[PDB]
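So this one's two forms of a single chain, laid out as structure tokens and tagged structure 1 and structure 2.
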Structure 1
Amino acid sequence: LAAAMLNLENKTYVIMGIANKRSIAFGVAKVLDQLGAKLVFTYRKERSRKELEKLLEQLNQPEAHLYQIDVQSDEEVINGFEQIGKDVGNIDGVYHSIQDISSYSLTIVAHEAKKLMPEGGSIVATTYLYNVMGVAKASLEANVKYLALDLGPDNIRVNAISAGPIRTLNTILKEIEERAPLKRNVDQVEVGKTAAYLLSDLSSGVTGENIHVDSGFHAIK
């Protein structure tokens, strides 16, 4: 009704890393699609632009935009974005699907991506859960704080979500099942529901944060 205080009806996101039909970016895509958002799409390698033309058959997306971007590979990211900017224009944010195998990538696209957000934006970046650590969020956390500062001046917010264990995508996570305060795991939707928060206008004065969508398990520590 008047929960237009999200904005997000009509704004355009770039969703990256949306590998098969259980990829989290796929939950994020749907919660988003469902909320009104035009969306754009990056496929990282080959093929799967199929699972996709397919995939998008569940979403009501009246134009259908896909871009092979190998995040691994920089101009692959630069001509992705000027391509997109050519093709559809300005974005309000990009979800991104995250040594820096994956740190740099974020950094790169951050920077590429802002050229499309001239009035400003929101960039979400997710990690998932290998031993450890973390470190590994410490590092992550930090690489988002740095970006926060940078594009803060340009009114682009930058935040991370850290994604707990999700079944449908070591069966000793029966462990979290059983120690995470809510005694269950997360899935994609509940990940991409926080993504909606984060790209949306409600998270208005929030940037450089790491929101753990993980049933409460970080608290175990």
Structure 2
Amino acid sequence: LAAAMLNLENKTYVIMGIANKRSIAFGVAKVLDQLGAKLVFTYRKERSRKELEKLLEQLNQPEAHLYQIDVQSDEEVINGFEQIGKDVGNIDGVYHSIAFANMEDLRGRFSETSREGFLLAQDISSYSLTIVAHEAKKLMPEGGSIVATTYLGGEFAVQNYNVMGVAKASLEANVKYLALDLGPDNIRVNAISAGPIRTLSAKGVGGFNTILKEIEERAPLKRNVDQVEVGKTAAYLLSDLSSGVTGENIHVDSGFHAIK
């Protein structure tokens, strides 16, 4: 009004990991756009470029700056972020919403996990944050905010989660280490731990429907969450409201983290 203490209006954020309209990264987009932020979107699959194009109705007026980045490729993220920088100039944060593991590994007994599948999960689900934070920083000379999305399975052993649990525990340590390293550069680093939400990747998690229902009967709030509730915490964490907050993990999960 200005209740720009948010300060996020006419600042630019990069949102990585929109697949389709149920993507967590999409509820983030929706909430930042509404608050006046300029947005740059990166994707891996050509199908996700098409959904982005159709999705950007909504309020951003170019492009909304659609770049192709596979986090497995050092080259693609170095050169993707260099190009963002040349095309829109400097950046104020990044929302990271990228994970992957093989369906077979997740199914599927943990002690049987292959080396390639263990390491693939760490590659895409954890390390990607680290090169991404490194390349993005370059476009952030007076600081900024990076936010990654995690699951309670990085903190506790959860039934069908297997190798992804381990990849999230690793993501979560990566966040604190990036926070200590990038803090003197006025960069904040944080995670949202989201409750379960029906998305494209979610149907690769076994017993997914049973866990929805557990939150419903068991979480403090006796409901589950949606993408725009994550988006609203992303907005806090990306804004100046979270000024004093780094290395932290915010559960947007109806309070399930706090119970039994």
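Residue numbering: sequential along structure 1, first residue numbered 1. Under this definition, the rigid core comprises the largest set of C-alpha atoms superposing within 1.5 Å between the forms.
Peer 1: Fit the core first: which of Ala110, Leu140, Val77, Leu116 then shifts its CA by 2 Å or more between structures 1 and 2?
Peer 2: Result of the comparison: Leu140.
Peer 1: Taking the rigid core as the reference frame, tell me whether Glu63 has a CA displacement of 2 angstroms or more between structures 1 and 2.
Peer 2: Yes: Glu63 shifts by at least 2 Å between structures 1 and 2.
Peer 1: How much does the C-alpha of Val158 move between structures 1 and 2, in Å, when the core is lined up?
Peer 2: After core superposition, the C-alpha of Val158 moves 0.5 Å between structures 1 and 2.
Peer 1: Fit the two forms on their core, then tell me the C-alpha shift of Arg49 between structures 1 and 2 in angstrom.
Peer 2: A shift of 1.0 Å at the C-alpha.
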